[PDB]
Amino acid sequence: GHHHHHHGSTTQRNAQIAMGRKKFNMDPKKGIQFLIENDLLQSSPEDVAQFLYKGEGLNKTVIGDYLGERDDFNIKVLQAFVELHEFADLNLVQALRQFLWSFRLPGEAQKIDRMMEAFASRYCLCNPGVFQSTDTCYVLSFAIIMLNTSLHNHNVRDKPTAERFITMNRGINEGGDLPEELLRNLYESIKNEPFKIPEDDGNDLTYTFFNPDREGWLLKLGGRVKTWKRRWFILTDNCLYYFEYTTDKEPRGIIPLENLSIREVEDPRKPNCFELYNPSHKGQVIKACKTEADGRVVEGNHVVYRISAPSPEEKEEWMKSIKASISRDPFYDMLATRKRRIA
């Protein structure tokens, strides 16, 4: 007696949906074009952003690849993508948890930078007055990511305390300090729960963001006067600093590593030696500054800096660290630059 509906066949539409997804996961530009041509997606940056944000059956690494691109359209998609995230009334860790669920960070430094700039800008708009600049937010985001790696990756031996995390971030708020309890809250959140990463392979940027800076006591040979001195070395931002005491703010000397190279060397008396030298200008004095006993700062007089380590293992470690510093890392450098514009 009762009438019944006419139900339409859904075979072809579901097939197109599935086809579009399959295509996207192999090539995001081509999948998006297929869906648009098949009237399953609208062509605006906002519409593409909603599609990626929902991400139904979409590979999150592929989403990140597409959003990071320099194309005018992709830049617009990215901004609309970040706008679909609500960061209001969330702290920076909580906002990062949310954002990092939606895609997987690409490998290329310029792509990461575009995405994290877009995130930081959005966070600051959602939470005005928390950070004095977008730069502050961006840098702290990477401090949080590095903390996640330090705490949760077993390859990092020395786990930072809350107090280390707080002091590491001194000056980040455009020259001033962020609230102690805010930094503590961020630290505690990460300590309690690592970033949960979708489709995690165990090699995500958030788990492998290591700190390459180093410190330690070594014995160094003098310039004009050939005496060996025990000095506290710090390697950071492609420069080798050395100090009389670990507690000094004023270094005994500063050796920019730009244009230098390092080689293992035999010494008649000291074991485990290496040398900094300028490979392009043989015999040339290395640009450096140091302090004299009278308190003057003067140019260094070294053609080479010969340095003795207490073990072959430590020599190897320092050489590796110094070589890595010289070859540089584009993203480390980009962070360095933002930190300089903060200060």
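Residues carry their position along the shown sequence, with the first being 1.
Engineer: With reference to the PDB entry, specify whether the mean Cα temperature factor is higher for 145 to 153 or for 262 to 270.
Structural biologist: Between 262 to 270 and 145 to 153, it is 262 to 270 that shows the higher mean C-alpha B-factor.
Engineer: For the higher mean C-alpha B factor in the entry, choose 92 to 100 or 120 to 128.
Structural biologist: Looking at the record's C-alpha B-factors, the answer is 120 to 128.
Engineer: Highest CA temperature factor in the entry: which of 306, 296, 302, 60?
Structural biologist: Among 306, 296, 302, 60, the PDB entry lists the largest C-alpha B-factor for 296.
Engineer: In terms of recorded Cα temperature factor, pick the maximum from 75, 139, 186, 197.
Structural biologist: In the PDB entry, the greatest C-alpha B-factor among 75, 139, 186, 197 is found at 75.
Engineer: Going by the entry, which third of its chain does the Cα temperature factor of residue 203 land in?
Structural biologist: For residue 203, the deposited C-alpha B-factor lands in the highest third.
Engineer: Would you please rank residue 109 by its C-alpha temperature factor against the other modelled residues of its chain and give the third it falls in: lowest, middle or highest?
Structural biologist: Answer is highest: the recorded C-alpha B-factor places it there.
Engineer: Going by the CA temperature factor in the PDB record, which third of the chain does residue 34 belong to: lowest, middle or highest?
Structural biologist: Tercile = highest for this residue's CA B-factor.
Engineer: Would you mind checking where the Cα B-factor of residue 49 ranks among the modelled residues of its chain, as the lowest, middle or highest third?
Structural biologist: Within its chain, residue 49 is a middle-third residue by C-alpha B-factor, going by the deposited values.
Engineer: Ranking every modelled residue in this chain by its Cα temperature factor as given in the entry, which third contains residue 84?
Structural biologist: It belongs to the middle third of the chain when residues are ordered by C-alpha B-factor.
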